[PDB]
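Next up, work_12.txt (compact mmCIF, C-alpha atoms and all ligand atoms):
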# COMPACT_ATOMS: atom_id res chain seq x y z
CA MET A 1 0.00 0.00 0.00
CA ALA A 2 1.64 3.28 -1.22
CA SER A 3 1.08 5.96 1.28
CA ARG A 4 0.00 8.76 -1.08
CA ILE A 5 -2.45 9.23 -3.94
CA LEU A 6 -1.79 11.46 -6.97
CA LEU A 7 -4.04 14.48 -7.41
CA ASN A 8 -4.87 16.41 -10.64
CA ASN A 9 -2.33 19.17 -9.86
CA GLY A 10 0.45 16.68 -9.83
CA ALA A 11 0.79 16.68 -6.01
CA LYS A 12 0.61 13.57 -3.83
CA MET A 13 -1.84 13.42 -0.92
CA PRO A 14 -1.24 11.11 2.09
CA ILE A 15 -4.00 8.53 2.32
CA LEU A 16 -4.07 8.72 6.13
CA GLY A 17 -4.67 12.04 7.84
CA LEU A 18 -5.59 13.35 11.27
CA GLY A 19 -9.08 14.73 11.75
CA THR A 20 -9.62 17.75 14.02
CA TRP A 21 -13.39 18.33 14.34
CA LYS A 22 -14.24 18.35 18.08
CA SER A 23 -10.55 18.40 19.06
CA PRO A 24 -10.77 21.03 21.77
CA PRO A 25 -8.36 23.93 21.50
CA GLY A 26 -7.00 23.14 24.91
CA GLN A 27 -6.08 19.54 23.74
CA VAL A 28 -5.43 19.70 19.95
CA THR A 29 -1.90 21.18 19.99
CA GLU A 30 -0.58 18.08 21.76
CA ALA A 31 -2.61 15.80 19.46
CA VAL A 32 -1.06 17.30 16.36
CA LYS A 33 2.45 17.21 17.87
CA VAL A 34 2.05 13.50 18.67
CA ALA A 35 0.55 12.80 15.26
CA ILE A 36 3.49 14.40 13.49
CA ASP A 37 5.88 12.48 15.81
CA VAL A 38 4.31 9.12 14.83
CA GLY A 39 4.21 9.79 11.21
CA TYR A 40 1.08 11.66 10.16
CA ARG A 41 1.75 14.14 7.39
CA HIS A 42 -1.82 15.11 6.49
CA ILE A 43 -4.01 17.16 8.85
CA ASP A 44 -7.69 17.84 8.06
CA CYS A 45 -8.73 21.26 9.40
CA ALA A 46 -11.56 23.75 9.09
CA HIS A 47 -12.30 27.31 10.22
CA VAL A 48 -15.59 26.11 11.70
CA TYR A 49 -13.68 23.72 14.02
CA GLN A 50 -12.54 26.75 16.03
CA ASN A 51 -9.10 25.30 16.68
CA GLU A 52 -6.96 26.26 13.70
CA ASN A 53 -4.67 28.51 15.75
CA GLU A 54 -3.86 25.59 18.07
CA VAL A 55 -3.25 23.26 15.10
CA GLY A 56 -0.95 25.94 13.66
CA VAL A 57 1.02 26.18 16.96
CA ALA A 58 1.76 22.47 16.79
CA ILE A 59 2.81 22.59 13.17
CA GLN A 60 5.09 25.61 13.82
CA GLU A 61 6.70 23.86 16.78
CA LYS A 62 7.49 20.72 14.78
CA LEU A 63 8.87 22.77 11.90
CA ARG A 64 11.13 24.63 14.48
CA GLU A 65 12.20 21.31 16.00
CA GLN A 66 13.35 20.07 12.55
CA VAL A 67 10.97 17.11 12.69
CA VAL A 68 9.36 17.90 9.33
CA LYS A 69 9.61 20.58 6.69
CA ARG A 70 6.60 22.28 5.19
CA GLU A 71 6.76 20.55 1.86
CA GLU A 72 6.29 17.14 3.53
CA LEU A 73 3.04 18.21 5.20
CA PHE A 74 -0.37 18.11 3.49
CA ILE A 75 -2.62 20.66 5.21
CA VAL A 76 -6.30 20.78 4.27
CA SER A 77 -8.86 23.36 5.31
CA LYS A 78 -12.37 24.30 4.25
CA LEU A 79 -14.41 27.41 3.40
CA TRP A 80 -17.30 27.66 5.83
CA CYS A 81 -20.90 28.13 4.67
CA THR A 82 -21.16 31.78 5.80
CA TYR A 83 -18.36 32.76 3.36
CA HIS A 84 -19.70 31.56 0.02
CA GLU A 85 -20.08 35.05 -1.45
CA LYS A 86 -17.34 35.62 -4.02
CA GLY A 87 -16.11 38.71 -2.18
CA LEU A 88 -15.69 36.83 1.15
CA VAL A 89 -13.77 33.75 -0.07
CA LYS A 90 -10.26 35.20 -0.12
CA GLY A 91 -10.58 36.71 3.33
CA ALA A 92 -11.85 33.42 4.73
CA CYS A 93 -8.91 31.58 3.21
CA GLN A 94 -6.43 34.17 4.49
CA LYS A 95 -7.93 33.96 8.02
CA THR A 96 -7.38 30.22 7.97
CA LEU A 97 -3.81 30.73 6.68
CA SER A 98 -3.10 33.28 9.41
CA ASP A 99 -4.53 31.02 12.15
CA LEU A 100 -2.59 28.01 10.86
CA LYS A 101 0.58 30.15 10.51
CA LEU A 102 1.00 28.94 6.91
CA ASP A 103 1.61 30.66 3.61
CA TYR A 104 -0.32 28.14 1.58
CA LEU A 105 -2.76 25.26 1.97
CA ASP A 106 -2.22 21.99 0.10
CA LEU A 107 -5.99 21.65 -0.40
CA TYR A 108 -8.93 23.98 0.25
CA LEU A 109 -12.48 22.60 0.10
CA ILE A 110 -15.93 24.10 -0.17
CA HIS A 111 -17.06 22.62 3.17
CA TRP A 112 -20.74 22.16 2.19
CA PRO A 113 -22.61 23.11 -0.98
CA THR A 114 -25.04 25.23 1.07
CA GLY A 115 -24.32 28.92 1.57
CA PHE A 116 -25.56 30.51 4.80
CA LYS A 117 -26.28 34.14 5.61
CA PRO A 118 -22.98 35.96 6.18
CA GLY A 119 -22.27 37.16 9.71
CA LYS A 120 -20.63 36.16 12.95
CA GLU A 121 -22.72 33.05 13.70
CA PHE A 122 -21.66 29.83 11.99
CA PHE A 123 -25.23 28.44 11.88
CA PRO A 124 -27.38 31.60 11.69
CA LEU A 125 -30.94 30.90 12.77
CA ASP A 126 -34.22 32.61 12.37
CA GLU A 127 -36.65 32.86 15.27
CA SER A 128 -38.00 29.38 14.34
CA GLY A 129 -34.62 27.50 14.10
CA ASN A 130 -34.30 27.31 10.36
CA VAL A 131 -30.84 27.94 8.92
CA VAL A 132 -30.86 31.23 7.09
CA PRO A 133 -29.44 30.71 3.61
CA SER A 134 -27.42 33.08 1.49
CA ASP A 135 -28.02 34.13 -2.12
CA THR A 136 -25.00 32.20 -3.32
CA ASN A 137 -24.54 29.38 -5.85
CA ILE A 138 -22.07 26.58 -6.33
CA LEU A 139 -20.59 27.80 -9.60
CA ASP A 140 -19.84 31.32 -8.42
CA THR A 141 -18.29 30.02 -5.18
CA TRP A 142 -16.18 27.63 -7.28
CA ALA A 143 -14.92 30.47 -9.44
CA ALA A 144 -13.82 32.28 -6.27
CA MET A 145 -12.00 29.13 -5.10
CA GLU A 146 -10.15 28.99 -8.46
CA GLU A 147 -8.78 32.47 -7.84
CA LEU A 148 -7.06 31.19 -4.68
CA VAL A 149 -5.04 28.73 -6.77
CA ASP A 150 -4.16 31.44 -9.30
CA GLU A 151 -2.87 33.66 -6.45
CA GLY A 152 -0.83 30.91 -4.80
CA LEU A 153 -2.81 30.73 -1.56
CA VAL A 154 -3.76 27.08 -2.15
CA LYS A 155 -2.26 24.32 -4.30
CA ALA A 156 -5.51 22.49 -5.04
CA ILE A 157 -9.19 23.01 -4.50
CA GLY A 158 -12.04 20.57 -3.97
CA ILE A 159 -15.45 20.01 -2.49
CA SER A 160 -17.08 18.25 0.42
CA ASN A 161 -20.60 16.89 0.93
CA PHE A 162 -21.44 17.38 -2.77
CA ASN A 163 -23.76 14.92 -4.45
CA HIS A 164 -22.96 13.68 -7.92
CA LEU A 165 -25.20 16.23 -9.61
CA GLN A 166 -23.50 19.04 -7.70
CA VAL A 167 -20.10 17.71 -8.72
CA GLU A 168 -21.31 17.47 -12.32
CA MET A 169 -22.40 21.10 -12.21
CA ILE A 170 -18.78 22.13 -11.56
CA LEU A 171 -17.34 19.67 -14.09
CA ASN A 172 -19.60 21.00 -16.79
CA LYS A 173 -19.11 24.71 -15.97
CA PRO A 174 -18.28 26.78 -19.04
CA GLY A 175 -14.88 28.29 -18.51
CA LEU A 176 -13.90 25.87 -15.73
CA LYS A 177 -10.30 26.65 -14.71
CA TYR A 178 -9.55 23.82 -12.24
CA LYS A 179 -11.42 20.58 -11.75
CA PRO A 180 -12.05 19.66 -8.14
CA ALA A 181 -9.20 17.46 -6.92
CA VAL A 182 -11.11 15.86 -4.03
CA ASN A 183 -14.63 15.27 -2.75
CA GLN A 184 -14.61 14.70 1.00
CA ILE A 185 -17.69 12.71 2.10
CA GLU A 186 -18.90 10.67 5.02
CA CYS A 187 -17.97 7.00 4.49
CA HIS A 188 -17.86 3.93 6.70
CA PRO A 189 -19.42 0.42 6.77
CA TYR A 190 -22.89 1.82 7.52
CA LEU A 191 -22.71 4.38 4.67
CA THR A 192 -20.50 2.76 2.06
CA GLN A 193 -21.09 5.34 -0.72
CA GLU A 194 -20.69 2.84 -3.54
CA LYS A 195 -22.37 5.00 -6.20
CA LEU A 196 -20.79 8.34 -5.31
CA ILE A 197 -17.33 6.73 -4.99
CA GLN A 198 -17.71 5.06 -8.37
CA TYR A 199 -18.84 8.36 -9.86
CA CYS A 200 -16.01 10.45 -8.40
CA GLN A 201 -13.27 7.92 -9.14
CA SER A 202 -14.48 7.62 -12.74
CA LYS A 203 -14.13 11.41 -13.08
CA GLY A 204 -10.60 11.53 -11.71
CA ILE A 205 -11.69 12.99 -8.31
CA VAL A 206 -10.07 11.51 -5.19
CA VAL A 207 -12.47 10.69 -2.41
CA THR A 208 -11.70 11.34 1.24
CA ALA A 209 -13.74 9.37 3.81
CA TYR A 210 -14.74 11.39 6.86
CA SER A 211 -16.18 10.01 10.13
CA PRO A 212 -14.60 6.58 9.37
CA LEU A 213 -15.15 5.48 12.98
CA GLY A 214 -18.77 6.65 12.95
CA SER A 215 -18.13 9.90 14.84
CA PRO A 216 -19.15 8.56 18.30
CA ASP A 217 -18.42 12.05 19.72
CA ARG A 218 -20.85 13.84 17.35
CA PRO A 219 -23.01 16.24 19.35
CA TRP A 220 -26.46 14.98 18.21
CA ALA A 221 -25.84 11.28 18.88
CA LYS A 222 -28.69 9.25 20.26
CA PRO A 223 -28.04 6.22 22.45
CA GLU A 224 -30.03 3.89 20.16
CA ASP A 225 -27.95 4.98 17.13
CA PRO A 226 -25.83 2.29 15.47
CA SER A 227 -22.26 2.21 16.77
CA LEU A 228 -19.45 1.06 14.48
CA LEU A 229 -16.77 0.90 17.11
CA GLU A 230 -18.98 -1.37 19.26
CA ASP A 231 -20.18 -3.60 16.40
CA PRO A 232 -19.38 -7.19 17.46
CA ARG A 233 -19.14 -8.32 13.84
CA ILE A 234 -16.34 -5.83 13.15
CA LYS A 235 -14.73 -6.72 16.47
CA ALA A 236 -14.53 -10.33 15.22
CA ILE A 237 -12.81 -9.29 11.95
CA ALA A 238 -10.38 -7.19 14.00
CA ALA A 239 -9.59 -10.09 16.40
CA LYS A 240 -8.74 -12.37 13.54
CA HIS A 241 -6.05 -9.91 12.36
CA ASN A 242 -4.78 -9.05 15.92
CA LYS A 243 -5.92 -5.43 15.31
CA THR A 244 -8.47 -3.16 16.92
CA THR A 245 -11.87 -2.36 15.49
CA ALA A 246 -10.69 1.18 14.83
CA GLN A 247 -7.71 -0.14 12.85
CA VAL A 248 -10.04 -2.25 10.70
CA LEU A 249 -12.30 0.76 10.17
CA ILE A 250 -9.32 2.84 8.96
CA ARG A 251 -7.83 0.13 6.75
CA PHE A 252 -11.21 -0.48 5.09
CA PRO A 253 -11.35 2.79 3.06
CA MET A 254 -7.61 2.59 2.33
CA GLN A 255 -8.29 -0.63 0.39
CA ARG A 256 -10.99 1.18 -1.64
CA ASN A 257 -8.39 3.71 -2.89
CA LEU A 258 -9.81 6.37 -0.56
CA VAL A 259 -8.10 8.85 1.70
CA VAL A 260 -9.24 8.54 5.35
CA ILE A 261 -9.07 11.06 8.22
CA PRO A 262 -9.80 9.50 11.64
CA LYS A 263 -9.89 11.99 14.51
CA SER A 264 -8.38 11.57 17.96
CA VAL A 265 -6.88 13.73 20.68
CA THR A 266 -5.81 10.73 22.75
CA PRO A 267 -2.13 10.01 22.23
CA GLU A 268 -2.35 6.22 22.37
CA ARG A 269 -5.20 6.24 19.86
CA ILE A 270 -3.39 8.67 17.52
CA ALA A 271 -0.54 6.14 17.36
CA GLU A 272 -2.91 3.13 17.10
CA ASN A 273 -4.78 4.69 14.23
CA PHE A 274 -1.61 5.14 12.17
CA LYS A 275 -0.51 1.50 12.60
CA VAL A 276 -2.55 0.29 9.62
CA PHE A 277 0.18 -0.29 7.02
CA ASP A 278 1.22 -3.69 8.38
CA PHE A 279 -1.88 -5.83 7.60
CA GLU A 280 -4.41 -6.47 4.84
CA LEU A 281 -8.15 -7.06 4.98
CA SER A 282 -9.03 -10.10 2.91
CA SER A 283 -11.47 -10.17 -0.03
CA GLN A 284 -14.03 -11.71 2.28
CA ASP A 285 -13.38 -9.06 4.99
CA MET A 286 -13.93 -6.29 2.42
CA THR A 287 -17.06 -7.94 1.11
CA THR A 288 -18.37 -8.44 4.65
CA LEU A 289 -17.70 -4.84 5.71
CA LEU A 290 -19.34 -3.51 2.55
CA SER A 291 -22.40 -5.68 3.32
CA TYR A 292 -23.04 -3.71 6.55
CA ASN A 293 -24.23 -0.68 4.58
CA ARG A 294 -27.48 0.83 5.79
CA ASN A 295 -27.28 4.17 4.03
CA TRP A 296 -27.01 5.56 7.50
CA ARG A 297 -25.50 9.06 7.90
CA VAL A 298 -24.16 10.57 11.05
CA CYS A 299 -23.70 14.01 9.33
CA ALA A 300 -27.02 14.74 7.64
CA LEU A 301 -27.07 18.57 8.15
CA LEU A 302 -30.67 18.36 9.37
CA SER A 303 -31.21 22.11 9.94
CA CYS A 304 -30.63 22.68 6.20
CA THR A 305 -33.04 20.20 4.64
CA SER A 306 -35.00 22.99 2.91
CA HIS A 307 -31.91 24.74 1.51
CA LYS A 308 -31.90 24.81 -2.32
CA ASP A 309 -28.45 23.17 -2.31
CA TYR A 310 -29.10 20.58 0.43
CA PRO A 311 -27.06 17.62 -0.85
CA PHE A 312 -28.81 14.53 0.56
CA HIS A 313 -32.20 14.49 -1.21
CA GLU A 314 -30.54 12.86 -4.21
CA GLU A 315 -29.82 9.15 -4.05
CA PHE A 316 -26.13 9.95 -4.46
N1 LIG A 401 -16.25 17.65 5.58
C1 LIG A 401 -17.14 17.49 6.55
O1 LIG A 401 -18.28 17.95 6.50
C2 LIG A 401 -16.72 16.69 7.76
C3 LIG A 401 -17.69 16.18 8.60
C4 LIG A 401 -17.30 15.34 9.63
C5 LIG A 401 -15.98 15.03 9.83
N2 LIG A 401 -15.02 15.61 9.02
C6 LIG A 401 -13.57 15.38 9.24
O2 LIG A 401 -13.36 13.97 9.46
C7 LIG A 401 -12.72 13.79 10.75
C8 LIG A 401 -13.09 12.46 11.34
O3 LIG A 401 -14.50 12.36 11.57
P1 LIG A 401 -15.15 12.57 13.03
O4 LIG A 401 -14.32 13.48 13.85
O5 LIG A 401 -16.57 12.92 12.75
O6 LIG A 401 -15.18 11.14 13.70
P2 LIG A 401 -14.32 9.76 13.67
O7 LIG A 401 -12.94 10.05 13.23
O8 LIG A 401 -15.16 8.76 12.96
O9 LIG A 401 -14.40 9.38 15.23
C9 LIG A 401 -13.74 10.21 16.21
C10 LIG A 401 -14.09 9.66 17.58
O10 LIG A 401 -13.53 8.32 17.73
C11 LIG A 401 -12.69 8.27 18.86
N3 LIG A 401 -11.55 7.42 18.55
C12 LIG A 401 -10.53 7.74 17.71
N4 LIG A 401 -9.68 6.76 17.56
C13 LIG A 401 -10.18 5.73 18.35
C14 LIG A 401 -9.68 4.45 18.63
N5 LIG A 401 -8.51 3.99 18.14
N6 LIG A 401 -10.41 3.70 19.49
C15 LIG A 401 -11.56 4.20 20.01
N7 LIG A 401 -12.08 5.38 19.80
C16 LIG A 401 -11.35 6.15 18.98
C17 LIG A 401 -12.34 9.73 19.18
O11 LIG A 401 -12.05 9.88 20.55
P3 LIG A 401 -10.85 10.80 21.13
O12 LIG A 401 -10.62 11.90 20.15
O13 LIG A 401 -11.40 11.24 22.47
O14 LIG A 401 -9.66 9.87 21.29
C18 LIG A 401 -13.59 10.47 18.73
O15 LIG A 401 -14.58 10.40 19.77
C19 LIG A 401 -13.18 15.02 11.53
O16 LIG A 401 -12.46 15.23 12.72
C20 LIG A 401 -13.01 16.10 10.48
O17 LIG A 401 -11.61 16.37 10.35
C21 LIG A 401 -15.40 16.40 7.99
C1 LIG A 402 -21.13 18.02 10.80
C2 LIG A 402 -20.93 19.27 11.62
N1 LIG A 402 -21.93 19.90 12.18
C3 LIG A 402 -21.83 21.07 12.91
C4 LIG A 402 -22.84 21.55 13.89
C5 LIG A 402 -24.26 21.14 13.69
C6 LIG A 402 -24.99 20.54 14.71
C7 LIG A 402 -26.31 20.12 14.50
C8 LIG A 402 -26.90 20.28 13.24
CL1 LIG A 402 -28.60 19.76 12.91
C9 LIG A 402 -26.17 20.86 12.22
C10 LIG A 402 -24.86 21.29 12.46
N2 LIG A 402 -22.43 22.29 14.97
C11 LIG A 402 -21.13 22.67 15.22
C12 LIG A 402 -20.80 23.43 16.35
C13 LIG A 402 -19.48 23.83 16.61
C14 LIG A 402 -18.45 23.46 15.74
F1 LIG A 402 -17.14 23.80 15.95
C15 LIG A 402 -18.79 22.70 14.63
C16 LIG A 402 -20.11 22.32 14.36
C17 LIG A 402 -20.46 21.49 13.17
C18 LIG A 402 -19.51 21.04 12.14
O1 LIG A 402 -18.17 21.35 12.35
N3 LIG A 402 -19.65 19.64 11.82
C19 LIG A 402 -18.52 19.11 11.09
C20 LIG A 402 -18.27 19.57 9.70
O2 LIG A 402 -19.19 20.21 9.13
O3 LIG A 402 -17.13 19.27 9.24

Show me, as structure tokens, the structure contained in the file I just sent.
Amino acid sequence: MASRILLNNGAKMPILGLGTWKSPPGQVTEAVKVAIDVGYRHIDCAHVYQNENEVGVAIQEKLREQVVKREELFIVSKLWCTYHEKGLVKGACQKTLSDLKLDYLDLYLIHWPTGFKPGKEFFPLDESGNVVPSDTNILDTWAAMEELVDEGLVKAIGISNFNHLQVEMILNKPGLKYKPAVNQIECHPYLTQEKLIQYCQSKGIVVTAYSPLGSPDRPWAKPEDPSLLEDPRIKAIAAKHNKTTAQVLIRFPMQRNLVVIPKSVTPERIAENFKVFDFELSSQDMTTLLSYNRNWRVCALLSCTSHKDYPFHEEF
């Protein structure tokens, strides 16, 4: 298993990265330091995660320690929904760069296809709890992303949580300057994404799997919800390989030619999660894990189901 996948800009992206959603600012600096120490070279960030300064501290420290140089790192961030207006995109990118203490990003994603009213609140609500949309559209936001590449702020651009029709809208745009390099989507044994993966891979778009462990720390979880890490069937596959369930869950997308970004702030788990290059899931293991699909999403963006660009009405 080669550790990187080639993107459309000629750069190579590490297939295993560290996720940072819900990594509290008071804990994420150490997590990123440990991750770099044990070999992670790809960090998945976002402005909305409210912790980019603390990620940036860790990166700066490890650069000053001579542990890594910048060119060996693959830093991803994402344009939040309240910044989809063309005139806000550059400032949002530059805020992320300033917080991360970087002079470029390796990859910058449109975080969701839905634009929200601009302003200080990340999820602006009306008096009845509906998300307030903005008068923005995918193609104009994409054109603003393209400018970031032309100005050297970012090396590649991509999308996240786009359905195939939304991807196609960019691909077919008259005057397209850059194709999206990546679509980052939820993917795990309960939401296997067979059709959207087939679509993206056939169009030369690399897929990154988010919430590979089923996001047990997500803030809307219900106790009756399915739990991947506790699934006794996956535990049995893991035992057979002398690996943990988490390690099986990370290796699974790697063998589908996906990038995967498990999150932890716990040092032992950060190291555990990287130790996935020393075993192989069998054909039968892959087939069995795929067979657990239930089309079950942990990140369904439920406050946005009436937004014109809500991505999850389409089958894929
Ligand atoms: N583009 C998007 O819209 C989007 C949406 C969701 C996620 N993401 C990205 O994908 C990343 C990963 O997804 P996620 O954060 O939702 O969840 P996840 O990676 O599926 O699961 C993270 C949870 O699993 C725990 N954990 C980690 N390693 C473990 C292990 N070896 N054994 C047991 N438990 C373990 C973590 O606990 P501790 O941290 O306490 O150790 C945390 O509670 C995010 O952090 C973010 O970077 C992107
Ligand atoms: C899937 C997702 N949902 C939200 C939400 C959210 C919670 C519930 C609902 Cl119905 C919709 C969105 N809240 C967040 C609060 C703080 C923060 F830092 C991030 C919050 C996020 C967000 O970061 N997250 C992850 C993502 O979009 O990558």

- From the list A:125, A:246, A:259, A:16, which residue is nearest ligand LIG 402 (chain A) when using all atoms listed in the file?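 Of all the options, A:125 lies closest to ligand LIG 402 (chain A).
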
- Item | Cut-off 9 Å around (-8.2, 21.0, -11.0) with only C-alpha atoms: residues as a list in words |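 Within the cut-off we find residues 7, 8, 9, 146, 156, 157, 158, 176, 177, 178, 179, 180 and 181 of chain A.
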
- Residues within 7 Å of ligand LIG 401 (chain A) should be enumerated using all atoms listed in the file and returned as a PyMOL selection string. chain A and resi 18-23+44-45+111-112+160-161+184-186+210-218+229+246-247+261-266+269-270+272-273+299

- Query: Which of these residues is nearest to residue 116 of chain A, using all atoms listed in the file: A:235, A:308, A:47, A:84?
  - Reply: A:84

- Message: Rounded to one decimal, what separation in Å do you get between atom CA of residue 295 of chain A and atom CA of residue 190 of chain A?
- Response: 6.1 Å

- Item | Coordinates-based distance that separates atom CA of residue 141 of chain A from atom CA of residue 24 of chain A (Å, one decimal) |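 That distance, rounded to one decimal, is 29.4 Å.
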
- What is the atom CA of residue 182 of chain A-atom CA of residue 42 of chain A distance in Å, reported with one decimal? 14.1 Å

- Message: So, with all atoms listed in the file as the atoms that count, which of A:209, A:68, A:73, A:281 lies closest to ligand LIG 402 (chain A)?
- Response: A:209

- Item | Closest of A:63, A:143, A:298, A:1 to ligand LIG 402 (chain A) - atom-to-atom distances counting all atoms listed in the file |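 Ranked by minimum distance to ligand LIG 402 (chain A), first place goes to A:298.
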
Grab all the atoms of segment 191-200 of chain A that the file lists, wrap them in a box along x, y and z, add 6 Å per side, and give me centre plus edge lengths in Å (one decimal) as AutoDock Vina command-line options.
--center_x -19.4 --center_y 6.6 --center_z -2.6 --size_x 18.7 --size_y 19.7 --size_z 26.5

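Using only C-alpha atoms and all ligand atoms, the smallest distance between any of A:257, A:66, A:53, A:77 and ligand LIG 402 (chain A) comes from A:77.
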
- Note on the structure: ligand LIG 402 (chain A) proximity check over A:101, A:129, A:74, A:239, using all atoms listed in the file: winner is A:129
